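In structure tokens, the next block holds one chain alone, the form deposited without the ligand.
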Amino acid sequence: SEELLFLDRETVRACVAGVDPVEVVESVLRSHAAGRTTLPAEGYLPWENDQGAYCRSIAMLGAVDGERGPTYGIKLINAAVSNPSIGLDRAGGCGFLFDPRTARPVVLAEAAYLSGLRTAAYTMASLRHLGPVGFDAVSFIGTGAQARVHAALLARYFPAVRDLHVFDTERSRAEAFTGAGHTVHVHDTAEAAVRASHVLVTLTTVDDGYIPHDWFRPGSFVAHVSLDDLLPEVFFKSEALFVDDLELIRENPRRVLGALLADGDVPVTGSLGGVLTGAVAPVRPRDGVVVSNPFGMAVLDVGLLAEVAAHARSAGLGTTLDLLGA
């Protein structure tokens, strides 16, 4: 026989709600730091649709020799630039886990929501160890799907946050944003959103940098999720600068931190993994700005999918697909 445990978005939502995603992200980061993770070259299929718009499929294999047992799986994210144009999210797709023994794909989950959750879980982990102790306000630039799952995880992990300061270049999308015990303040400008708190999360899809060092309050933190918002001086003037994987950042020099690494020495303090294993000391904001610049790692999604599946099995959630059907 041949069976798949199948998890739609709402079921993955329900399973993430029932497990501790930040603890899962910290455990895989600890596994990664000890070289007990694998991220092989991704599958990349680019094409142009009949709209003259860029489309791609990215097939990201990953393995974790982690703090439970070996986990093996794949994240498949497909995107078209012209999707927002016709009322769809840019990205969609699927994730699998593989049986360690037989290699069979035994778990199929909708993956786009889980991808946004992975990033927000990494943000919360970063803030736990590297943010101010007791911040009560968060600022967001870009108020899409990624802002909502960040707002959801703030209510779980940082309930002292009662106030969200938001800017989006698309004003209507900022006005519709409600967050998750959060009061949403909509700002005319990006600068005013940044100045209104000690904690920034950039969630934009821009190519052109625009955030100077001078917008940050002393004792500030930025989770640079969108990777191209901060101007070069922010990295050079940072009180501290933490990454997820410096080799992934170095390999992607179109992004500002990768570009700066190509040009010479940059004051990188270390990785969040190094902080978790005790191999680098944490640095919290005091005088300047602490920068977290995570590139994102598909091993975190495989880790999260394995915790999500185990909760689905023990909660009786999802549906079994017969792959054969005799």
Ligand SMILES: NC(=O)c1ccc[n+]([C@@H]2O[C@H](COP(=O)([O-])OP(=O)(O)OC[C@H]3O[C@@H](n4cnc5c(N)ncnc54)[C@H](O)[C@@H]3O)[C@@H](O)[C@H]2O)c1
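Basically, rigid core = biggest C-alpha set you can superpose within 1.5 Å across the two forms. One-based numbering along the sequence shown.
Asker: When you step from residue 79 to residue 80 in this entry, do you jump over none, 1 to 3, 4 to 9, or 10 or more residues of the deposited sequence that have no coordinates?
Answerer: None; the chain is continuous from residue 79 to residue 80.
Asker: Going by the average Cα B-factor in the PDB entry, point out whether 79 to 87 or 206 to 214 comes out higher.
Answerer: The recorded data point to 79 to 87.
Asker: Of the two stretches 226 to 234 and 165 to 173, which shows the higher Cα B-factor on average in the entry?
Answerer: If you average the C-alpha B-factors of 226 to 234 and of 165 to 173, the larger mean comes out for 165 to 173.
Asker: Can you pull the Cα B-factors for 22, 304, 12, 317 from the entry and say which is highest?
Answerer: Across 22, 304, 12, 317, the entry lists the biggest C-alpha B-factor for 317.
Asker: Taking the values straight from the PDB record, which of 273, 35, 294, 62 has the highest C-alpha temperature factor?
Answerer: Answer, based on the entry's C-alpha B-factors: 35.
Asker: Lowest, middle or highest third of the chain for the C-alpha temperature factor of residue 252?
Answerer: Within its chain, residue 252 is a highest-third residue by C-alpha B-factor, going by the deposited values.
Asker: Thinking about Cα B factors across the chain, which third does residue 110 belong to?
Answerer: Its C-alpha B-factor, which the entry lists for residue 110, ranks in the middle third among residues of this chain.
Asker: Lowest, middle or highest third: which one holds residue 71 when the chain's residues are ordered by CA B-factor from the entry?
Answerer: For residue 71, the deposited C-alpha B-factor lands in the highest third.
Asker: Divide the modelled residues of the chain into thirds by Cα B-factor and specify which third, lowest, middle or highest, holds residue 128.
Answerer: For residue 128, the deposited C-alpha B-factor lands in the middle third.
Asker: Determine, from the deposited record, the chain-internal third of the Cα B-factor for residue 53: lowest, middle or highest.
Answerer: Highest third - that is where residue 53 ends up once the chain's C-alpha B-factors are sorted.
Separately, the form deposited with the ligand bound exists; it is not shown, and the next lines address it.
Asker: To verify the annotation, which of these, 129, 90, 250, 104, has a non-hydrogen atom within 4.5 Å of the ligand in the deposited bound form?
Answerer: When the ligand is considered in the deposited bound form, the option within 4.5 Å is 90.
Asker: Check each of 246, 94, 145, 186 and return the one that places a heavy atom within 4.5 angstroms of the ligand in the deposited bound form.
Answerer: Contact with the ligand in the deposited bound form is made by 145 alone.
Asker: Against the ligand in the deposited bound form, would residue 178 count as a contact residue? Criterion: heavy atoms within 4.5 Å.
Answerer: Answer no; every heavy atom of residue 178 is more than 4.5 Å from the ligand in the deposited bound form.
Asker: Examine residue 206 and determine whether its closest non-hydrogen atom to the ligand in the deposited bound form is within 4.5 angstroms.
Answerer: The answer is yes: residue 206 has a heavy atom within 4.5 Å of the ligand.
Asker: Going by a heavy atom distance of 4.5 Å, is residue 82 a contact of the ligand in the deposited bound form?
Answerer: No, residue 82 stays farther than 4.5 Å from the ligand in the deposited bound form.
Asker: Answer for residue 78 alone: is it within 4.5 Å of the ligand in the deposited bound form, judged on heavy atom distances?
Answerer: Heavy-atom contact with the ligand at 4.5 Å: absent for residue 78.
Asker: Look at the stretches 263 to 271, 291 to 299, 38 to 46, 23 to 31 and give the one with heavy atoms within 4.5 Å of the ligand in the deposited bound form.
Answerer: After filtering at 4.5 Å, what remains is 291 to 299.
Asker: Please determine whether each residue of 165, 201 and 237 possesses a non-hydrogen atom within 4.5 angstroms of the ligand in the deposited bound form.
Answerer: Spot residues vs the ligand: no contact at all.
Asker: Let me know which residues along 156 to 177 have a heavy atom within 4.5 Å of the ligand in the deposited bound form, or say none if there are none.
Answerer: Read in sequence order, the residues that approach the ligand (within 4.5 Å, in the deposited bound form) are 167, 168, 169, 170, 173.
Asker: Following superposition of the rigid core, which of 283, 53, 280, 259 is the only residue with a C-alpha displacement of 2 Å or more between the shown form and the other one?
Answerer: The listed residue whose C-alpha shifts by at least 2 Å is 53.
Asker: Superposing on the rigid core, I want to see if residue 43 changes position between the shown form and the other one - specifically a Cα shift of 2 Å or more.
Answerer: For residue 43, whose C-alpha is compared between the shown form and the other one after core superposition, the shift is 2 Å or more.
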